[PDB]
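Down below is the structure, laid out as structure tokens.
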Amino acid sequence: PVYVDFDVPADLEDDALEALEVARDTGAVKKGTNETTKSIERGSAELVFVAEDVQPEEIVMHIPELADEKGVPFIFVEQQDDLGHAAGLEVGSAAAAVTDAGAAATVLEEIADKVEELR
Amino acid sequence: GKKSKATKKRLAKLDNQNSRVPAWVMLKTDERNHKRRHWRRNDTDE
Amino acid sequence: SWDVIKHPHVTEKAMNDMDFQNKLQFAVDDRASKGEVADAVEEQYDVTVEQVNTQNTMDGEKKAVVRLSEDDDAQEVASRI
Amino acid sequence: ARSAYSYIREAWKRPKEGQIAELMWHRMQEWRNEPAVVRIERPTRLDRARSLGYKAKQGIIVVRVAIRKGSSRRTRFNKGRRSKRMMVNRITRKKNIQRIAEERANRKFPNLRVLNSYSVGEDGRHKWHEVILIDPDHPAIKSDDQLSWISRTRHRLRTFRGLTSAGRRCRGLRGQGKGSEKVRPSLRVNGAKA
Amino acid sequence: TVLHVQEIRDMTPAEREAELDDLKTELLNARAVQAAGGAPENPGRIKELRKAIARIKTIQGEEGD
RNA sequence: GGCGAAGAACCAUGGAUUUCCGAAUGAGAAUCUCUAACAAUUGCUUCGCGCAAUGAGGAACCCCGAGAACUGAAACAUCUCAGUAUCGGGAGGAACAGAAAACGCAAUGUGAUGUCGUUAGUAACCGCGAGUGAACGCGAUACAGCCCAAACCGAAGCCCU
RNA sequence: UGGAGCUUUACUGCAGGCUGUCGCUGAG
Ligand SMILES: [Cl-]
Ligand SMILES: [Mg+2]
Ligand SMILES: [Mg+2]
Ligand SMILES: [Mg+2]
Ligand SMILES: [Mg+2]
Ligand SMILES: [Mg+2]
Ligand SMILES: [Mg+2]
Ligand SMILES: [Mg+2]
Ligand code: NA
Ligand code: NA
Ligand code: NA
Ligand code: NA
Ligand code: NA
Ligand SMILES: [Sr+2]
Ligand SMILES: [Sr+2]
Ligand SMILES: [Sr+2]
Ligand SMILES: [Sr+2]
Ligand SMILES: [Sr+2]
């Protein structure tokens, strides 16, 4: 909420999650805020996911700006457990990062684009 | 006054406790109930 | 576990209630109710209890005055014990 | 590379700057309408918690505790006192609010033992600290290589005897050399002069 | 007394409970006779009856009844 | 009057029984009563008191807090008595302390911490009055060093059964 | 160069009230 500066349409989110699954079954994904963060910092991140129901928010506040000074695109997910589930986890996840997808390389390429337009 | 069942057991004990030292104990010990009490001169608890 | 009847209460007054009114007197545990005294007696002497009266004595124990049915003879019961 | 945690750390260096300042303005409103001791599911300051000993494991509890700011709430003498002792307004207690918070936290959980604590801000009248508490009787804690030491019978109520992090600093034990003469190995042992 | 531990151990769980109610009744008839200032007694027995009952109960506990 | 050679008494160890009140815990009560009970606060949780924890005691010792005055100064206020008496909380068989952001016989030196002897009534404090009062080091006692957070890995893991 | 109770524009202090200032505390 304080780290969220734009709202993502349910539909767009549903897409992104579907893409994250094929990216984890084809390409490569990072689960967890720390792994996601190092990813963004190392440049390997192509698309980072950030939940919106993270309490405390200190866990993620940094992502948005960090991602910006790295050109890394990012998208919000209304729920924490959905993102974790999508990342193939039996638990929730505050942040996930697609580190070079697969079979989704294109599908996500547009997602990054659609978001830009969404400010 | 009115006495509860417990208060009665206590008064009851204090009554039995107020006895002579058995005649035979004085023989066995080759020659006093230091706790002997009187209703008027003494005062029990409660 | 405590037993209900402790011992018969034999005194001049107890003897009368026995002779004149077919009543027996016992020293019972002070946790026993009239009902528990009645049942206890019928089972110990095989007699029928019509009524029970209890009193918490100044001796610390409970006294019970058990009246037997006209079918039983207090004196007789008391005699065997 | 920097860890995700270093960011939570970084933000809390200046709690009245940036987003967190905004976050605090938010939270505190809710905190103020809250109890004296409130159990929370997750540390507000993850870096701090993990750094103090926290672990995402069973038998590990966290709790925010509110305490009034200021000097001692002292009653004025009701009998003769020399001028030096007629003091009331400037008298402050020898225990710091944080230690006081750890103790209140601990009473709420008669079975847990304080592992450590840290502050999470304050408004003009409150002061909030989060206290990490541990359940000495739960396995998963007993079997833990990092925390099992807190299960020792010797650690029964370590806070009330000042064996806590904050306890030891307050007791003046931080320095191993100069200035810790009447402090180590205990205040009471030195005739209470530290 | 006349009743030894061995004998109690030889008894059946049901014979002990029978020997108990039997012993309890003798103790009762003794205290009854004592309450009436009775004379024909053997004080050393009213004492033995109590130990007897203590033994059977201790054995009963031992044998699981 | 009884028990004991069916080896009692007595002693050691182990076991049985162990009323009611009592932290006292189903509710209440001057040790009793009333109609199934971990009361209350917690942890885990099959979210059910299912599994556990706390409570109170102990001669003093010990740790953490609150903290006088008589008194001394030949008055007295700082100071002194004294961080004493006393009060609140808490642990153990001992407590606390403890592996240097140390020391600073200044060094090409020492090498976790208590304690004892000494350093010393020295340095320092102080109506610079009365009084208060260390440390480093040294000689001993005993000696013992380790574990996390994070980086790099990222479920490779833990608990109940 | 005792004690206590009481008094006051005795000496020295301590509560309490009033008042300024900092924090809470923000936008034009
Ligand atoms: Cl504790
Ligand atoms: Mg009546
Ligand atoms: Mg390890
Ligand atoms: Mg003087
Ligand atoms: Mg010591
Ligand atoms: Mg002078
Ligand atoms: Mg020095
Ligand atoms: Mg005077
Ligand atoms: Na009297
Ligand atoms: Na506790
Ligand atoms: Na000091
Ligand atoms: Na439960
Ligand atoms: Na006076
Ligand atoms: Sr979760
Ligand atoms: Sr009189
Ligand atoms: Sr009588
Ligand atoms: Sr305790
Ligand atoms: Sr050594």
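Descriptive notes on the structure:
Residues are listed down the side, and each one gets a yes or a no for (1) within 16 Å of ligand 14 (Cβ to nearest atom); (2) hydrophobic (A, V, I, L, M, F, W, C); (3) closer than 23 Å to residue D:46 by Cβ:
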site: D:64; (1), (2), (3): no, no, yes
site: D:92; (1), (2), (3): no, no, no
site: D:107; (1), (2), (3): no, no, no
site: D:132; (1), (2), (3): no, yes, yes
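- Verdict on residue D:13 being of a type in the set (D, E, K, R), surrounded by 15 or more Cβ atoms within 10 Å (Cβ to Cβ) and either out of contact with any strand residue (DSSP E or B) (no Cβ under 6 Å at 6 or more places or on another chain) or under 17 Å from residue D:124 (Cα atoms) (or both): no
- Applying a threshold of 8 Å to beta carbon distances and a minimum spacing of six or more residues, or different chains, the list of pairs starting in the range D:165-192 at a residue that is under 25 Å from residue D:114 (Cα atoms) and ending at one that is assigned to a helix (DSSP H, G or I) and hydroxyl-bearing (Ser, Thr, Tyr) reads D:167/D:159.
- Selection within the range D:6-30 - under 15 Å from residue D:118 (Cβ atoms), within 21 Å of the chain's Cα centre (by Cα) and part of a helix (DSSP H, G or I): D:8, D:9, D:11, D:24
- Among the residues of this structure, residue A:46 does not count as one that is surrounded by fewer than 19 Cβ atoms within 10 Å (Cβ to Cβ) and not small (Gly, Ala, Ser).
- Residue in the range A:24-31 that is among the hydroxyl-bearing types (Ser, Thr, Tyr) and at the interface with another protein chain (Cβ under 10 Å from one of its Cβ atoms) present: no
- Checking each residue of the range B:16-23 against the condition of being within 14 Å of another protein chain (Cβ to nearest Cβ) and more than 16 Å from ligand 9 (Cβ to nearest atom) gives at least one match.
- Residue D:18 on the phi > 0 side of the Ramachandran plot and within 14 Å of chain A (Cβ to nearest Cβ): yes
- Summed over the range A:61-108, the residues that are among the charged types (D, E, K, R), in a helix (DSSP H, G or I) and under 17 Å from residue A:13 (Cβ atoms) give a count of 2.
- Taking the range A:14-50 as the range and being among the small types (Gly, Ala, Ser) and part of a loop (DSSP other than H, G, I, E, B) as the test, the residues that pass are A:27, A:28, A:32, A:43, A:44, A:45.
- Candidate set: the range D:77-116, residues that are away from ligand 1 (no atom under 16 Å from the Cβ), of a type in the set (D, E, K, R) and part of a loop (DSSP other than H, G, I, E, B); chosen: the one nearest to the other protein chains (Cβ to nearest Cβ): D:93
- The set of residues from the range D:117-153 being basic (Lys, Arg) and within 20 Å of the chain's Cα centre (by Cα) comprises D:125, D:127.
- Candidate set from the range C:29-57 (those that are under 10 Å from the mean Cα position of the chain (by Cα) and either within 16 Å of ligand 9 (Cβ to nearest atom) or within 14 Å of another protein chain (Cβ to nearest Cβ) (or both)); member that is surrounded by the most Cβ atoms within 10 Å (Cβ to Cβ): C:41
- Note on chain E: enclosed helices (runs of 4 or more DSSP H) holding 1 or more residues that are of a type in the set (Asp, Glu), out of contact with any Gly (no Cβ under 8 Å at 6 or more places or on another chain) and within 22 Å of residue C:29 (Cα to Cα) are E:13-35.
- The one condition in (1) surrounded by 16 or more Cβ atoms within 10 Å (Cβ to Cβ); (2) within 14 Å of the chain's Cα centre (by Cα) that residue D:53 fails to fulfil: (1)
- Looking only at the range D:128-148, and only at residues there that are in a loop (DSSP other than H, G, I, E, B) and not charged (D, E, K, R), the one that is nearest to ligand 5 (Cβ to nearest atom): D:136
- Single match in D:34, D:41 (criterion: closer than 22 Å to residue D:134 by Cα, within 20 Å of the chain's Cα centre (by Cα) and either of a type outside the set (S, T, N, Q) or more than 11 Å from chain A (Cβ to nearest Cβ) (or both)): D:41
- Checked against the criterion of being more than 14 Å from chain A (Cβ to nearest Cβ) and either within 15 Å of ligand 10 (Cβ to nearest atom) or of a type in the set (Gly, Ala, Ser) (or both), the candidates D:171, D:152 yield just one match: D:152.
- Unmet criterion (only one of (1) away from RNA strand G (no atom under 16 Å from the Cβ); (2) assigned to a loop (DSSP other than H, G, I, E, B); (3) among the basic types (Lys, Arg)) for residue D:125: (1)
- Boolean, residue A:88 is away from every other protein chain (no Cβ under 12 Å), within 16 Å of residue A:32 (Cα to Cα) and either touching a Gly at 6+ places or on another chain (Cβ under 6 Å) or of a type in the set (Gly, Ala, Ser) (or both): yes
- Filter result (of a type outside the set (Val, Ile, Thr), more than 9 Å from every other protein chain (Cβ to nearest Cβ) and buried (at least 19 other Cβ atoms within 10 Å of the Cβ)) within the range A:51-77: A:51, A:52, A:67, A:73, A:74, A:76
Note that each Cβ is placed from the backbone with ideal geometry, even for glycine, and that neighbours are counted across all protein chains shown. Values quoted throughout were computed directly from the atomic coordinates according to the rules given, and no laboratory measurement underlies them.
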